[PDB]
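Enquirer: Sequence plus experimental coordinates follow:
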Amino acid sequence: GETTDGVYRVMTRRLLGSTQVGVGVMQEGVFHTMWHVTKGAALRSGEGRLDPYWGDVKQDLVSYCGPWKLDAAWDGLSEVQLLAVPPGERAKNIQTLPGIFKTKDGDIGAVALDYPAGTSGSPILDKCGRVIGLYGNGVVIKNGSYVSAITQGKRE
Amino acid sequence: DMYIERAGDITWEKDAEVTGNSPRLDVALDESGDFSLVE
Ligand SMILES: O=C(Nc1ccc2c(c1)CNC2)c1cc(Cl)ccc1-n1ccnc1
């Protein structure tokens, strides 16, 4: 069905009404989302079907129709935009300066914006509009708010 | 059965709402892809 580049909502009719479980990026004929959104299940796009191609539970990422295409990286200095797509609400860009997740295997950029779980998979962008990662996997801080990593896959 | 619906273009928007802080957090990532705080 629709394969035009852009941001899309991931919906399900299995629960009550139509519920938004996540978000994803269509780029170069490949649909990119977080693993926890679909759990690797097939997706529908109108009459067409999207089948999983690559995925990893630890990275929390999954690609459909082809390999992961997103390879822009946060420069470690500039503000970024979360192109937030919340359930039942219009897509909206939010500009923020990312924090840092310090891990035993290196540092990762992190965005401190609190959105509903159904916003998981919303792309994070650089000043050129390139997707530097997806929002939706992170930690719940002492306050109760969510701080998400800037999760980026690898382009083979 | 899951389905997708278009929500917009991927573009940087000048004069967008600037918010959010930049915390430095010590975290650990387990095999199930779940982050946790290290204190
Ligand atoms: O649940 C969320 N994210 C998630 C879920 C399941 C899994 C993972 C991440 C990675 N391994 C499996 C979540 C996402 C957002 Cl955007 C805001 C809050 C969230 N949240 C986490 C706790 N309570 C709420």
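Expert: Structure's in. What do you need? Numbers count the residues shown, from 1 in each chain, chains lettered A, B, ... in the order given.

Enquirer: Backbone dihedrals for residue A:38, please?
Expert: Backbone torsions for residue A:38, taken as degrees, to the nearest 10, come to phi -100, psi -20.

Enquirer: dump the residue contacts of it.
Expert: The neighbours of residue A:38, taking CB atoms under 8 Å, 6 or more residues apart in numbering or on different chains as the test, are A:10, A:21-22, A:52, A:62, B:2. To be clear about C-beta, it is placed using only N, CA and C from the backbone, and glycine gets the same treatment.

Enquirer: Equivalent analysis for residue A:84, please.
Expert: A:91-94, A:113, A:115, A:119, A:122, A:135.

Enquirer: Return the distance of it relative to chain B.
Expert: As for residue A:84, its distance to chain B is 10 Å (criterion: CB to the nearest CB, to the nearest Å).

Enquirer: With residue A:6 instead?
Expert: The value you get for residue A:6 to chain B, if CB to the nearest CB is used, is 5 Å.

Enquirer: Look at that residue and say how many residues are nearby.
Expert: Here the number of neighbours of residue A:6 (other CB atoms under 10 Å in any protein chain shown) works out to 19.

Enquirer: Test my guess that it contacts residue B:4.
Expert: No - using CB atoms under 8 Å, residue A:6 makes no contact with residue B:4, being 10.3 Å away.

Enquirer: count of neighbours near residue A:112?
Expert: 21.

Enquirer: ah, wrong one, I meant residue A:73
Expert: So residue A:73, with other CB under 10 Å, has 13 neighbours.

Enquirer: show me the contacts for it.
Expert: By CB under 8 Å, 6+ apart, the contact list for residue A:73 reads A:132, A:152.

Enquirer: host element of it?
Expert: When elements are assigned from DSSP states H and E, residue A:73 belongs to no helix and no strand.

Enquirer: a strand runs through residue A:26, doesn't it?
Expert: Yes - under the criterion used here (DSSP: H, G, I helix; E, B strand; the rest coil), residue A:26 sits inside a strand.

Enquirer: which of the contacts of residue A:84 has the most neighbours?
Expert: residue A:122 (30 neighbours).

Enquirer: Please identify which two of the contacts of residue A:84 are farthest apart in space.
Expert: Farthest-apart pair in these is A:91 and A:113; separation 14.2 Å (CB to CB).

Enquirer: Excluding covalently adjacent residues, which one is nearest to residue A:70?
Expert: residue A:131 (4.8 Å; CB to CB, 6 or more residues apart in numbering or on different chains).

Enquirer: who's the one you found bridged to?
Expert: residue A:125 (DSSP bridges).

Enquirer: wait, doesn't it sit right on residue A:123?
Expert: Yes - the criterion here is CB under 8 Å, and residue A:131 meets it with residue A:123 at 4.5 Å.

Enquirer: higher neighbour count, those two?
Expert: The neighbour comparison of residue A:131 against residue A:123 (other CB under 10 Å) goes to residue A:123, with 25 against 20.

Enquirer: list the contacts for the more buried one?
Expert: So residue A:123 contacts A:7, A:23, A:25, A:82-83, A:131, A:133-135, B:10 (CB under 8 Å, 6+ apart).
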